[PDB]
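> Next comes run10.tsv, TSV, C-alpha atoms:
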chain	number	residue	atom	x	y	z
R	135	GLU	CA	-10.90	20.52	49.43
R	136	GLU	CA	-8.17	21.34	51.95
R	137	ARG	CA	-5.59	18.96	50.46
R	138	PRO	CA	-2.40	20.80	49.38
R	139	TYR	CA	-1.89	18.48	46.40
R	140	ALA	CA	-3.80	17.57	43.25
R	141	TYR	CA	-3.69	14.91	40.55
R	142	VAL	CA	-3.68	16.16	36.98
R	143	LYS	CA	-4.59	13.64	34.27
R	144	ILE	CA	-2.44	14.55	31.28
R	145	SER	CA	-4.06	11.83	29.14
R	146	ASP	CA	-6.51	8.95	29.52
R	147	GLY	CA	-5.58	6.77	26.56
R	148	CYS	CA	-3.47	3.63	26.32
R	162	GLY	CA	-8.65	2.83	24.85
R	163	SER	CA	-6.97	5.00	22.22
R	164	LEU	CA	-4.21	7.23	23.63
R	165	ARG	CA	-5.60	10.76	24.05
R	166	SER	CA	-3.44	13.57	25.45
R	167	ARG	CA	-4.69	16.96	26.61
R	168	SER	CA	-2.86	19.95	25.13
R	169	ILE	CA	0.08	21.48	26.95
R	170	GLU	CA	-1.90	24.73	27.17
R	171	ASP	CA	-5.00	23.07	28.61
R	172	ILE	CA	-3.04	21.24	31.31
R	173	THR	CA	-1.17	24.46	32.04
R	174	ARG	CA	-4.36	26.45	32.62
R	175	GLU	CA	-5.65	23.71	34.93
R	176	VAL	CA	-2.47	23.77	37.00
R	177	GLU	CA	-2.49	27.59	37.14
R	178	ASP	CA	-6.00	27.44	38.58
R	179	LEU	CA	-4.80	24.86	41.10
R	180	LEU	CA	-1.90	27.07	42.18
R	181	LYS	CA	-4.34	29.97	42.51
R	182	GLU	CA	-6.43	27.97	44.96
R	183	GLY	CA	-3.34	27.22	47.03
R	184	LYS	CA	-2.18	23.81	45.78
R	185	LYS	CA	1.51	23.20	46.49
R	186	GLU	CA	2.04	19.85	44.77
R	187	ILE	CA	1.06	18.97	41.21
R	188	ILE	CA	1.04	15.25	40.46
R	189	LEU	CA	0.99	14.33	36.78
R	190	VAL	CA	-0.77	11.02	36.12
R	191	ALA	CA	-1.81	8.75	33.25
R	192	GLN	CA	-1.58	5.07	32.34
R	193	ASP	CA	1.90	5.88	31.06
R	194	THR	CA	3.06	9.46	31.57
R	195	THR	CA	6.13	8.96	29.39
R	196	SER	CA	3.77	8.42	26.45
R	197	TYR	CA	2.18	11.89	26.82
R	198	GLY	CA	1.89	13.86	23.57
R	199	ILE	CA	2.52	11.01	21.13
R	200	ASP	CA	-1.03	11.23	19.76
R	201	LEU	CA	-1.13	15.03	19.70
R	202	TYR	CA	2.40	16.28	19.01
R	203	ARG	CA	3.67	13.15	17.28
R	204	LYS	CA	6.42	12.85	19.91
R	205	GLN	CA	7.03	12.50	23.65
R	206	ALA	CA	6.20	16.03	24.75
R	207	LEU	CA	6.50	15.25	28.46
R	208	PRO	CA	9.70	17.38	28.49
R	209	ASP	CA	7.86	20.37	27.00
R	210	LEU	CA	4.93	19.95	29.37
R	211	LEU	CA	7.21	19.92	32.42
R	212	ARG	CA	9.09	23.01	31.23
R	213	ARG	CA	5.83	24.89	30.79
R	214	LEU	CA	4.53	23.89	34.23
R	215	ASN	CA	7.92	24.57	35.83
R	216	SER	CA	7.72	28.16	34.60
R	217	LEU	CA	4.42	28.83	36.34
R	218	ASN	CA	4.81	31.36	39.17
R	219	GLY	CA	5.32	30.25	42.76
R	220	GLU	CA	7.00	27.74	45.04
R	221	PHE	CA	5.44	24.32	44.47
R	222	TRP	CA	6.28	20.73	43.61
R	223	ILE	CA	5.70	18.89	40.34
R	224	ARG	CA	5.66	15.10	40.77
R	225	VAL	CA	5.43	12.63	37.89
R	226	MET	CA	4.09	9.16	38.37
R	227	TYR	CA	3.52	6.00	36.40
R	228	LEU	CA	6.65	6.21	34.24
R	229	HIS	CA	7.20	3.28	31.86
R	230	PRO	CA	10.88	2.19	31.73
R	231	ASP	CA	10.75	1.20	28.07
R	232	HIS	CA	9.78	4.75	27.18
R	233	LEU	CA	11.79	6.71	29.74
R	234	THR	CA	13.97	8.68	27.31
R	235	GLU	CA	16.99	10.83	28.06
R	236	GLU	CA	14.93	13.88	27.10
R	237	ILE	CA	12.52	13.11	29.95
R	238	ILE	CA	15.16	12.18	32.53
R	239	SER	CA	17.19	15.29	31.75
R	240	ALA	CA	14.12	17.54	31.95
R	241	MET	CA	13.10	16.05	35.29
R	242	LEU	CA	16.60	16.46	36.71
R	243	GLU	CA	17.02	19.95	35.20
R	244	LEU	CA	13.71	21.60	36.20
R	245	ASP	CA	13.97	22.95	39.75
R	246	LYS	CA	10.31	22.40	40.71
R	247	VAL	CA	10.23	18.82	39.49
R	248	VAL	CA	10.96	16.55	42.43
R	249	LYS	CA	13.64	13.98	41.61
R	250	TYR	CA	11.17	11.18	42.20
R	251	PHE	CA	11.16	8.43	39.60
R	252	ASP	CA	8.18	6.10	39.65
R	253	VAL	CA	9.24	3.43	37.17
R	254	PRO	CA	8.07	-0.17	37.77
R	255	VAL	CA	10.48	-2.54	36.04
R	256	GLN	CA	8.52	-5.70	36.88
R	257	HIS	CA	11.61	-7.92	36.96
R	258	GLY	CA	15.38	-8.12	36.63
R	259	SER	CA	15.82	-11.31	34.61
R	260	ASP	CA	16.12	-10.75	30.86
R	261	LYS	CA	14.26	-14.00	30.22
R	262	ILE	CA	11.25	-12.97	32.31
R	263	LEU	CA	11.41	-9.38	31.07
R	264	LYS	CA	11.12	-10.62	27.47
R	265	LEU	CA	8.32	-12.97	28.50
R	266	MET	CA	6.46	-9.99	29.97
R	267	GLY	CA	6.84	-7.99	26.78
R	268	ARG	CA	9.37	-5.54	28.16
R	269	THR	CA	11.84	-4.20	25.59
R	270	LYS	CA	14.84	-2.83	27.47
R	271	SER	CA	17.12	-5.42	29.09
R	272	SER	CA	18.23	-5.55	32.72
R	273	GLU	CA	21.60	-4.10	31.71
R	274	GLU	CA	19.90	-1.19	29.97
R	275	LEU	CA	17.52	-0.60	32.89
R	276	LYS	CA	20.50	-0.58	35.25
R	277	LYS	CA	22.52	1.77	33.07
R	278	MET	CA	19.56	4.14	32.87
R	279	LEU	CA	18.86	4.05	36.61
R	280	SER	CA	22.54	4.37	37.56
R	281	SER	CA	22.85	7.28	35.14
R	282	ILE	CA	20.13	9.11	37.08
R	283	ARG	CA	21.80	8.43	40.42
R	284	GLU	CA	25.14	9.59	39.01
R	285	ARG	CA	23.71	13.03	38.18
R	286	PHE	CA	21.63	13.26	41.34
R	287	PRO	CA	22.70	10.92	44.21
R	288	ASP	CA	19.55	11.66	46.24
R	289	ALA	CA	17.25	10.65	43.37
R	290	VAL	CA	14.37	8.56	44.67
R	291	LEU	CA	13.90	5.40	42.60
R	292	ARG	CA	10.52	3.69	43.05
R	293	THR	CA	9.55	0.46	41.38
R	294	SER	CA	7.36	-2.61	41.46
R	295	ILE	CA	8.38	-6.26	41.07
R	296	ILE	CA	6.33	-9.32	40.16
R	297	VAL	CA	7.53	-12.67	41.50
R	298	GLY	CA	5.95	-15.97	40.51
R	299	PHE	CA	5.69	-15.32	36.80
R	300	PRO	CA	5.18	-18.52	34.75
R	301	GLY	CA	8.66	-19.77	33.89
R	302	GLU	CA	10.51	-18.08	36.74
R	303	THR	CA	13.36	-20.35	37.82
R	304	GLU	CA	15.79	-20.16	40.75
R	305	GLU	CA	18.21	-18.66	38.22
R	306	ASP	CA	15.76	-15.93	37.24
R	307	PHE	CA	14.99	-15.03	40.85
R	308	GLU	CA	18.71	-15.05	41.53
R	309	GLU	CA	19.32	-12.53	38.73
R	310	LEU	CA	16.49	-10.44	40.14
R	311	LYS	CA	18.10	-10.34	43.58
R	312	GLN	CA	21.45	-9.04	42.33
R	313	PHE	CA	19.42	-6.72	40.10
R	314	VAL	CA	17.69	-5.10	43.06
R	315	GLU	CA	20.96	-5.14	44.99
R	316	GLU	CA	22.85	-3.27	42.29
R	317	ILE	CA	20.23	-0.58	41.70
R	318	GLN	CA	19.39	0.16	45.35
R	319	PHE	CA	15.79	1.36	44.84
R	320	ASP	CA	14.53	3.63	47.62
R	321	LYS	CA	11.07	2.08	47.34
R	322	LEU	CA	9.99	-1.23	45.84
R	323	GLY	CA	6.85	-3.33	46.00
R	324	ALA	CA	6.77	-7.09	45.43
R	325	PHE	CA	3.62	-8.80	44.15
R	326	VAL	CA	2.83	-12.41	43.20
R	327	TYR	CA	1.67	-13.29	39.68
R	328	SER	CA	-2.01	-14.10	39.16
R	329	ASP	CA	-4.57	-14.82	36.43
R	341	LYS	CA	4.27	-22.94	35.45
R	342	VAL	CA	5.58	-21.94	38.89
R	343	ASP	CA	4.09	-23.00	42.24
R	344	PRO	CA	2.83	-20.52	44.89
R	345	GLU	CA	4.78	-22.29	47.64
R	346	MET	CA	8.23	-21.07	46.57
R	347	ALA	CA	6.58	-17.91	45.21
R	348	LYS	CA	5.79	-16.85	48.78
R	349	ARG	CA	9.35	-17.45	49.96
R	350	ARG	CA	10.60	-15.41	47.00
R	351	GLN	CA	8.18	-12.60	47.76
R	352	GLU	CA	9.21	-12.38	51.41
R	353	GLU	CA	12.87	-12.76	50.49
R	354	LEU	CA	12.71	-9.92	47.99
R	355	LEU	CA	10.92	-7.79	50.58
R	356	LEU	CA	13.33	-8.98	53.26
R	357	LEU	CA	16.29	-7.89	51.14
R	358	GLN	CA	14.66	-4.62	50.09
R	359	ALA	CA	13.86	-3.66	53.68
R	360	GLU	CA	17.64	-3.51	54.23
R	361	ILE	CA	18.11	-1.41	51.12
R	362	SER	CA	15.15	0.92	51.80
R	363	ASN	CA	16.41	1.52	55.33
R	364	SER	CA	19.92	2.23	54.07
R	365	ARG	CA	18.57	4.77	51.59
R	366	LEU	CA	16.55	6.44	54.34
R	367	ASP	CA	19.63	6.64	56.60
R	368	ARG	CA	21.45	9.06	54.29
R	369	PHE	CA	18.55	11.44	54.90
R	370	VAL	CA	18.85	11.40	58.69
R	371	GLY	CA	20.19	14.67	60.08
R	372	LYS	CA	19.65	16.25	56.67
R	373	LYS	CA	17.53	19.26	55.68
R	374	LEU	CA	14.49	18.47	53.53
R	375	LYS	CA	11.48	20.47	52.35
R	376	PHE	CA	8.29	19.43	54.15
R	377	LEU	CA	4.71	20.00	52.98
R	378	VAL	CA	2.24	20.26	55.88
R	379	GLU	CA	-0.95	18.27	55.33
R	380	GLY	CA	-2.37	18.01	58.83
R	381	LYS	CA	-1.91	18.67	62.53
R	382	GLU	CA	-2.27	16.09	65.29
R	383	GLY	CA	-1.66	17.45	68.75
R	384	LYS	CA	1.92	18.69	69.03
R	385	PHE	CA	2.87	16.92	65.79
R	386	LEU	CA	2.69	18.13	62.21
R	387	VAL	CA	1.85	15.48	59.62
R	388	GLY	CA	3.00	15.72	56.01
R	389	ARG	CA	5.52	14.59	53.45
R	390	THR	CA	9.06	15.36	52.32
R	391	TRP	CA	9.53	15.50	48.53
R	392	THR	CA	10.55	11.83	48.54
R	393	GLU	CA	7.02	10.70	49.39
R	394	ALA	CA	3.97	10.59	47.11
R	395	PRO	CA	0.58	10.89	48.80
R	396	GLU	CA	-1.17	7.76	50.12
R	397	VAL	CA	1.13	5.26	48.39
R	398	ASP	CA	4.36	5.98	50.24
R	399	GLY	CA	5.30	6.99	53.77
R	400	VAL	CA	4.40	9.86	56.06
R	401	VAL	CA	6.60	12.30	57.99
R	402	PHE	CA	5.89	13.41	61.57
R	403	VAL	CA	7.43	16.71	62.63
R	404	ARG	CA	6.97	18.56	65.90
R	405	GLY	CA	6.58	22.29	65.48
R	406	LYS	CA	4.24	25.09	64.42
R	407	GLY	CA	2.78	25.42	60.94
R	408	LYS	CA	-0.36	25.52	58.82
R	409	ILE	CA	-1.64	23.04	56.24
R	410	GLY	CA	-0.34	23.78	52.76
R	411	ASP	CA	2.86	25.36	54.05
R	412	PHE	CA	6.39	24.38	53.06
R	413	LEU	CA	8.75	24.00	56.01
R	414	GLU	CA	12.38	23.07	56.53
R	415	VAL	CA	12.74	19.88	58.57
R	416	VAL	CA	15.54	17.63	59.78
R	417	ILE	CA	14.85	13.89	59.91
R	418	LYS	CA	16.00	12.34	63.19
R	419	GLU	CA	14.73	8.79	62.76
R	420	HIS	CA	12.65	6.50	60.56
R	421	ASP	CA	10.77	3.22	60.99
R	422	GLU	CA	8.68	1.04	58.70
R	423	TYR	CA	9.46	3.59	55.98
R	424	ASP	CA	7.91	6.44	57.99
R	425	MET	CA	9.93	9.38	59.33
R	426	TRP	CA	10.12	11.52	62.47
R	427	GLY	CA	11.81	14.90	62.71
R	428	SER	CA	11.52	18.51	63.81
R	429	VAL	CA	11.04	21.92	62.21
R	430	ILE	CA	14.26	23.86	61.65
Could you quickly redo this structure as structure tokens?

Amino acid sequence: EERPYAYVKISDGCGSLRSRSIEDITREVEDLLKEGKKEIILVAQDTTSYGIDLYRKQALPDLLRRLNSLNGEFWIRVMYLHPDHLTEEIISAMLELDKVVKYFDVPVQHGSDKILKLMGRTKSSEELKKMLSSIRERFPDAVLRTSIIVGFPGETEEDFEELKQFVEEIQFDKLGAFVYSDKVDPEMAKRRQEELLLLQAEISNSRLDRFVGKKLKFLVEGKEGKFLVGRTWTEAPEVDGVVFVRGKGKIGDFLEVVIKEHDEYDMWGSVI
């Protein structure tokens, strides 16, 4: 197709966890770069679990290093990270490798230790926060993307309160809020959902502000009249926002753009 990006399934297990070899995934990506792809998106149920069944260890670091060394200017984006398995080896590799975009897709589900334990999550809110802050400390512009579930059976005003300061302390760039489904009523669950989103809107906008008037790499994906449509490294395809830039360019090309304004998580800028 004419899309400048491609999804690469590094494993399809969880069914039994089955990882493809580093060499097989590498050859697939090489072929993709040969056909002009500029963004490689690594996917799986849990990308941080890659290699466990084949190399007897989390080989995501090794995989990224191999892909990073492939020839050319392109992006490597990882998605579906599981916080309980996001090791320092992975974080460091992602922050170290120049072609890996500092985009961290890690849904934490909640911020209350009580609810987290009830959901089966291992790491505690304090640990999650230390991990996330650690990333931001090494790379201030790091995009942190997560998903939250409000309305979980047993969620009390106290739990939701802990969640709010949790999201306030981390300052995620992107965060989705969903309501539980199959001990808590849906009435207050709605207020909590809109409150979480209401609070996050502030945070998401604040994060986007520090990008205004700044130079970012832009991947062209389409052309609509006098506008170029595409994404800056901070945006995954389809699930995030879009960037509108006025200027000349062809699909699949990397351009330098300066964001002038944003709205509803979408951005508007110009080619520089």
> Rank R:345, R:273, R:352, R:320 by their smallest atom-to-atom distance to residue 252 in chain R, using only C-alpha atoms, and report the top residue only.
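Going through R:345, R:273, R:352, R:320 one by one, the smallest distance to residue 252 in chain R is for R:320.
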> Looking at R:363, R:281, R:256, R:428, which one is nearest to residue 269 in chain R, with distances taken over only C-alpha atoms?
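Of R:363, R:281, R:256, R:428, the one nearest residue 269 in chain R is R:256, counting only C-alpha atoms.
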> Tell me which protein, DNA and RNA residues are within 8 Å of residue 414 in chain R, counting only C-alpha atoms, leaving out same-chain ones fewer than 4 positions away, and put them as a count of residues only.
6
> If I put a ball of radius 10 Å at (6.9, -12.8, 40.3) in the file's coordinates, which residues poke into it when counting all atoms listed in the file, written as a list in words?
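Neighbouring residues, ordered by chain and number, come to residues 256, 257, 262, 295, 296, 297, 298, 299, 300, 301, 302, 306, 307, 310, 324, 325, 326, 327, 328, 342, 344, 347, 348, 350 and 351 of chain R.
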> Limited to C-alpha atoms, could you put the picked residues into a file as a JSON list (two decimals), keeping the file's coordinate frame?

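Saved as result_24.json:
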[["chain", "number", "residue", "atom", "x", "y", "z"],
["R", 256, "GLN", "CA", 8.52, -5.70, 36.88],
["R", 257, "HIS", "CA", 11.61, -7.92, 36.96],
["R", 262, "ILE", "CA", 11.25, -12.97, 32.31],
["R", 295, "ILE", "CA", 8.38, -6.26, 41.07],
["R", 296, "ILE", "CA", 6.33, -9.32, 40.16],
["R", 297, "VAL", "CA", 7.53, -12.67, 41.50],
["R", 298, "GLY", "CA", 5.95, -15.97, 40.51],
["R", 299, "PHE", "CA", 5.69, -15.32, 36.80],
["R", 300, "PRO", "CA", 5.18, -18.52, 34.75],
["R", 301, "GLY", "CA", 8.66, -19.77, 33.89],
["R", 302, "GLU", "CA", 10.51, -18.08, 36.74],
["R", 306, "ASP", "CA", 15.76, -15.93, 37.24],
["R", 307, "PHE", "CA", 14.99, -15.03, 40.85],
["R", 310, "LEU", "CA", 16.49, -10.44, 40.14],
["R", 324, "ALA", "CA", 6.77, -7.09, 45.43],
["R", 325, "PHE", "CA", 3.62, -8.80, 44.15],
["R", 326, "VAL", "CA", 2.83, -12.41, 43.20],
["R", 327, "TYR", "CA", 1.67, -13.29, 39.68],
["R", 328, "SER", "CA", -2.01, -14.10, 39.16],
["R", 342, "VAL", "CA", 5.58, -21.94, 38.89],
["R", 344, "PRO", "CA", 2.83, -20.52, 44.89],
["R", 347, "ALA", "CA", 6.58, -17.91, 45.21],
["R", 348, "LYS", "CA", 5.79, -16.85, 48.78],
["R", 350, "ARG", "CA", 10.60, -15.41, 47.00],
["R", 351, "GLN", "CA", 8.18, -12.60, 47.76]]
> Please write out, as lines of an AutoDock Vina configuration file, where the centre of an axis-aligned box around all listed atoms of range 366-377 of chain R lies and how long its edges are, in Å to one decimal, after adding 8 Å on each side.

center_x = 13.1
center_y = 13.5
center_z = 56.2
size_x = 32.7
size_y = 30.0
size_z = 23.7
> Could you state the separation of CA of residue 193 in chain R and CA of residue 229 in chain R in Å, given to one decimal place?
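These two atoms are separated by 6.0 Å.
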> Using all atoms listed in the file, which of R:424, R:175, R:243, R:411 sits nearest residue 381 in chain R?
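Checking each of R:424, R:175, R:243, R:411 against residue 381 in chain R, counting all atoms listed in the file, the winner is R:411.
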> So how many Å separate CA of residue 225 in chain R and CA of residue 189 in chain R, to one decimal?
4.9 Å
> Might you pull out every residue within 7 Å of residue 205 in chain R, with all atoms listed in the file counted and same-chain residues fewer than 4 positions away left off, and present them as a ChimeraX atom specification?
/R:195-199
> From the list R:174, R:249, R:137, R:321, which residue is nearest residue 399 in chain R when using only C-alpha atoms?
R:321
> Just give me the residues with any atom within 6 Å of (6.3, 15.1, 61.8), file coordinates, counting all atoms listed in the file, written as JSON, numbers by chain.
{"R": [385, 386, 387, 401, 402, 403, 404, 426, 427]}
> Do you have the CA of residue 277 in chain R-CA of residue 228 in chain R distance handy?
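Computed distance, CA of residue 277 in chain R to CA of residue 228 in chain R, equals 16.5 Å.
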> Just the residues within 12 Å of residue 219 in chain R, please, counting all atoms listed in the file, with nothing from its chain fewer than 4 positions along; format it as a VMD selection string.
chain R and resid 176 to 177 179 to 181 183 to 186 214 to 215 223 245 to 246 412
> Between R:285, R:384, R:311, R:372, which is the closest to residue 415 in chain R once you count only C-alpha atoms?
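Among the listed residues, the smallest separation from residue 415 in chain R belongs to R:372.
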> Find the residues around residue 368 in chain R up to 12 Å (all atoms listed in the file counted), leave out those fewer than 6 positions away in its own chain, and share them as number ranges by chain.
R: 287-290, 320, 361-362, 374, 416-420
> Write out the residues from the selection above, keeping C-alpha atoms, as a compact mmCIF listing (two decimals), in the coordinates of the input.

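After the write, again_28.txt holds the following:
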# COMPACT_ATOMS: atom_id res chain seq x y z
CA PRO R 287 22.70 10.92 44.21
CA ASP R 288 19.55 11.66 46.24
CA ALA R 289 17.25 10.65 43.37
CA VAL R 290 14.37 8.56 44.67
CA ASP R 320 14.53 3.63 47.62
CA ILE R 361 18.11 -1.41 51.12
CA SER R 362 15.15 0.92 51.80
CA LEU R 374 14.49 18.47 53.53
CA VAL R 416 15.54 17.63 59.78
CA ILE R 417 14.85 13.89 59.91
CA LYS R 418 16.00 12.34 63.19
CA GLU R 419 14.73 8.79 62.76
CA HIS R 420 12.65 6.50 60.56
> Taking into account all atoms listed in the file, which residue in the set R:278, R:322, R:346, R:400 is nearest to residue 359 in chain R?
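Checking each candidate against residue 359 in chain R, we get R:322 as the closest.
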> Extract range 168-187 of chain R from the structure I just pasted (atoms: N, CA, C and O atoms) and return it as a PDB file, in the first residue's frame.

ATOM      1  N   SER R 168      11.898 -15.186  15.692  1.00  0.00           N
ATOM      2  CA  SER R 168      13.315 -14.961  15.957  1.00  0.00           C
ATOM      3  C   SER R 168      13.742 -13.533  15.627  1.00  0.00           C
ATOM      4  O   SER R 168      13.142 -12.871  14.777  1.00  0.00           O
ATOM      5  N   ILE R 169      14.788 -13.060  16.294  1.00  0.00           N
ATOM      6  CA  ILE R 169      15.270 -11.717  16.019  1.00  0.00           C
ATOM      7  C   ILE R 169      15.621 -11.599  14.539  1.00  0.00           C
ATOM      8  O   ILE R 169      15.285 -10.604  13.893  1.00  0.00           O
ATOM      9  N   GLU R 170      16.268 -12.626  13.994  1.00  0.00           N
ATOM     10  CA  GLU R 170      16.639 -12.616  12.583  1.00  0.00           C
ATOM     11  C   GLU R 170      15.451 -12.599  11.632  1.00  0.00           C
ATOM     12  O   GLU R 170      15.513 -11.954  10.584  1.00  0.00           O
ATOM     13  N   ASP R 171      14.381 -13.313  11.964  1.00  0.00           N
ATOM     14  CA  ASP R 171      13.220 -13.312  11.077  1.00  0.00           C
ATOM     15  C   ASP R 171      12.550 -11.944  11.058  1.00  0.00           C
ATOM     16  O   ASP R 171      12.175 -11.447   9.998  1.00  0.00           O
ATOM     17  N   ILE R 172      12.381 -11.345  12.232  1.00  0.00           N
ATOM     18  CA  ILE R 172      11.758 -10.027  12.324  1.00  0.00           C
ATOM     19  C   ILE R 172      12.644  -9.005  11.616  1.00  0.00           C
ATOM     20  O   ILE R 172      12.152  -8.076  10.975  1.00  0.00           O
ATOM     21  N   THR R 173      13.955  -9.176  11.738  1.00  0.00           N
ATOM     22  CA  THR R 173      14.878  -8.251  11.101  1.00  0.00           C
ATOM     23  C   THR R 173      14.730  -8.273   9.579  1.00  0.00           C
ATOM     24  O   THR R 173      14.640  -7.220   8.950  1.00  0.00           O
ATOM     25  N   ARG R 174      14.683  -9.470   8.995  1.00  0.00           N
ATOM     26  CA  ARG R 174      14.532  -9.604   7.554  1.00  0.00           C
ATOM     27  C   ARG R 174      13.217  -9.005   7.078  1.00  0.00           C
ATOM     28  O   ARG R 174      13.149  -8.432   5.986  1.00  0.00           O
ATOM     29  N   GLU R 175      12.167  -9.133   7.890  1.00  0.00           N
ATOM     30  CA  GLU R 175      10.863  -8.571   7.521  1.00  0.00           C
ATOM     31  C   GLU R 175      10.980  -7.048   7.479  1.00  0.00           C
ATOM     32  O   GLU R 175      10.565  -6.409   6.515  1.00  0.00           O
ATOM     33  N   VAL R 176      11.554  -6.470   8.527  1.00  0.00           N
ATOM     34  CA  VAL R 176      11.714  -5.024   8.576  1.00  0.00           C
ATOM     35  C   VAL R 176      12.580  -4.519   7.418  1.00  0.00           C
ATOM     36  O   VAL R 176      12.253  -3.511   6.799  1.00  0.00           O
ATOM     37  N   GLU R 177      13.682  -5.213   7.133  1.00  0.00           N
ATOM     38  CA  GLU R 177      14.566  -4.822   6.031  1.00  0.00           C
ATOM     39  C   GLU R 177      13.768  -4.736   4.739  1.00  0.00           C
ATOM     40  O   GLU R 177      13.916  -3.787   3.968  1.00  0.00           O
ATOM     41  N   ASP R 178      12.910  -5.721   4.504  1.00  0.00           N
ATOM     42  CA  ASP R 178      12.082  -5.723   3.307  1.00  0.00           C
ATOM     43  C   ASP R 178      11.157  -4.516   3.323  1.00  0.00           C
ATOM     44  O   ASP R 178      10.929  -3.882   2.293  1.00  0.00           O
ATOM     45  N   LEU R 179      10.624  -4.200   4.497  1.00  0.00           N
ATOM     46  CA  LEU R 179       9.734  -3.049   4.631  1.00  0.00           C
ATOM     47  C   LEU R 179      10.474  -1.749   4.317  1.00  0.00           C
ATOM     48  O   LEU R 179       9.942  -0.881   3.633  1.00  0.00           O
ATOM     49  N   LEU R 180      11.698  -1.615   4.817  1.00  0.00           N
ATOM     50  CA  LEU R 180      12.476  -0.405   4.555  1.00  0.00           C
ATOM     51  C   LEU R 180      12.837  -0.323   3.071  1.00  0.00           C
ATOM     52  O   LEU R 180      12.965   0.773   2.519  1.00  0.00           O
ATOM     53  N   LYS R 181      12.986  -1.477   2.424  1.00  0.00           N
ATOM     54  CA  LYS R 181      13.303  -1.495   1.002  1.00  0.00           C
ATOM     55  C   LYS R 181      12.117  -0.989   0.195  1.00  0.00           C
ATOM     56  O   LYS R 181      12.295  -0.360  -0.845  1.00  0.00           O
ATOM     57  N   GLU R 182      10.902  -1.255   0.663  1.00  0.00           N
ATOM     58  CA  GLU R 182       9.740  -0.790  -0.080  1.00  0.00           C
ATOM     59  C   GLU R 182       9.367   0.641   0.269  1.00  0.00           C
ATOM     60  O   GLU R 182       8.358   1.158  -0.205  1.00  0.00           O
ATOM     61  N   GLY R 183      10.185   1.285   1.099  1.00  0.00           N
ATOM     62  CA  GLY R 183       9.925   2.670   1.452  1.00  0.00           C
ATOM     63  C   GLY R 183       9.265   2.991   2.782  1.00  0.00           C
ATOM     64  O   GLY R 183       8.963   4.158   3.040  1.00  0.00           O
ATOM     65  N   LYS R 184       9.034   1.990   3.629  1.00  0.00           N
ATOM     66  CA  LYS R 184       8.416   2.254   4.928  1.00  0.00           C
ATOM     67  C   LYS R 184       9.341   3.118   5.779  1.00  0.00           C
ATOM     68  O   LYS R 184      10.557   2.919   5.788  1.00  0.00           O
ATOM     69  N   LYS R 185       8.766   4.082   6.492  1.00  0.00           N
ATOM     70  CA  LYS R 185       9.556   4.980   7.329  1.00  0.00           C
ATOM     71  C   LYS R 185       9.289   4.824   8.824  1.00  0.00           C
ATOM     72  O   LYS R 185       9.969   5.429   9.653  1.00  0.00           O
ATOM     73  N   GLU R 186       8.295   4.016   9.169  1.00  0.00           N
ATOM     74  CA  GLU R 186       7.960   3.802  10.570  1.00  0.00           C
ATOM     75  C   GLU R 186       7.639   2.334  10.810  1.00  0.00           C
ATOM     76  O   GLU R 186       6.759   1.767  10.165  1.00  0.00           O
ATOM     77  N   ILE R 187       8.375   1.727  11.734  1.00  0.00           N
ATOM     78  CA  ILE R 187       8.202   0.323  12.071  1.00  0.00           C
ATOM     79  C   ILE R 187       7.574   0.273  13.462  1.00  0.00           C
ATOM     80  O   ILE R 187       8.150   0.761  14.441  1.00  0.00           O
TER      81      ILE R 187
END
